[PDB]
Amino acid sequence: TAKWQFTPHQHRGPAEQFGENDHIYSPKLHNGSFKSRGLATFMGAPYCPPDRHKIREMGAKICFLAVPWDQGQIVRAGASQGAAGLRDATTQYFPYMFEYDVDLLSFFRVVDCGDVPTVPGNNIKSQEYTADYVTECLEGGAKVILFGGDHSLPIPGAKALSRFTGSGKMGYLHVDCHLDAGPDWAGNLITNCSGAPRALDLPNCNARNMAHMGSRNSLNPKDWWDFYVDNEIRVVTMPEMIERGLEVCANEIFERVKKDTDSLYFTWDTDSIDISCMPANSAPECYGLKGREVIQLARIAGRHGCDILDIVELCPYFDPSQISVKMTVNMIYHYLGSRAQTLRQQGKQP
């Protein structure tokens, strides 16, 4: 049976550390991976193949699965490099969050499930792979963090969550500068500008539990807006978030997308974030979330909870700094730290 095991501060051999909590404390025998990444996984978590049986044997309650596919893209390639920058950037952090008093790694028994393989030029088959890999994670008993990759990710992601949800109801929250509601793009129903209409098409995802937040600017053809008008789906534009406040808007939308639902899919485009904080993106955009608001939105999402969180369109080759990759680390870590603090306050288990 699979064992959930990792080395604190990564290195084995003669100077290996063994303390059961050593990973939340300053390193003792050496520098760990804070300067040189070595063979780091996401968070230094154990690797676990995307297999329901291995995941359940490990007891893992969060699977990190990268979906680097970036050839379902209408804008420009580059998000295939996102997951490597993200994993590298987790070496700059401990898995312990003092702001929540949570050891994320042991609280959730996080595992890194590696990457979904791709079939270049073949968006249909690559998305079939993604849905099958996500299904292994859900059937293994874990909630999922999916790291893109382009915004076609919510199509297989929400389909797998929908199948898993069965006769229940699933909500869908889409946070993005771009409305992403093309009925098709040059005839194709499954590009990265169709996450929302493809989620609505699922048998147990209803307009009343869908919402969109963060939109602004003109990369937004009229049919993407008309989709929300005709289906009466709530859209919170970035100017509305600024006027009313992220807390009011985010809490209102989470209540809406979770009302009478058994599951929630939450897709988050890095372009929601102001380009000043997030230059490494396929289609970066001014007039977005400021950095403190990103962390607040991750905290709010953590309080409410989702079953799958996906984060997409990170393009590290476009940023000579570490700001973009470390922003995406904090989206995940504050979501998980808030989620753990909430579960613990409620006396519930992950």
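A residue's number is simply how far along the shown sequence it sits, counting from 1.
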{"item": "Average Cα temperature factor in the PDB entry - higher stretch of 285 to 293, 50 to 58", "value": "50 to 58"}
{"item": "Mean C-alpha B-factor comparison - 244 to 252 and 147 to 155, higher one", "value": "244 to 252"}
{"item": "Of the residues 108, 225, 265, 268, the one carrying the largest Cα B-factor as recorded", "value": "108"}
{"item": "Deposited CA B-factor, highest of 182, 114, 95, 214", "value": "95"}
{"item": "Record-listed C-alpha B factor of residue 187: chain third", "value": "highest"}
{"item": "Chain third (lowest, middle, highest) by recorded CA B-factor, residue given as residue 99", "value": "highest"}
{"item": "B-factor third for the C-alpha atom of residue 29 within its chain", "value": "highest"}
{"item": "B-factor third for the C-alpha atom of residue 36 within its chain", "value": "lowest"}
{"item": "Among modelled residues of the same chain, the CA temperature factor third for residue 198", "value": "highest"}
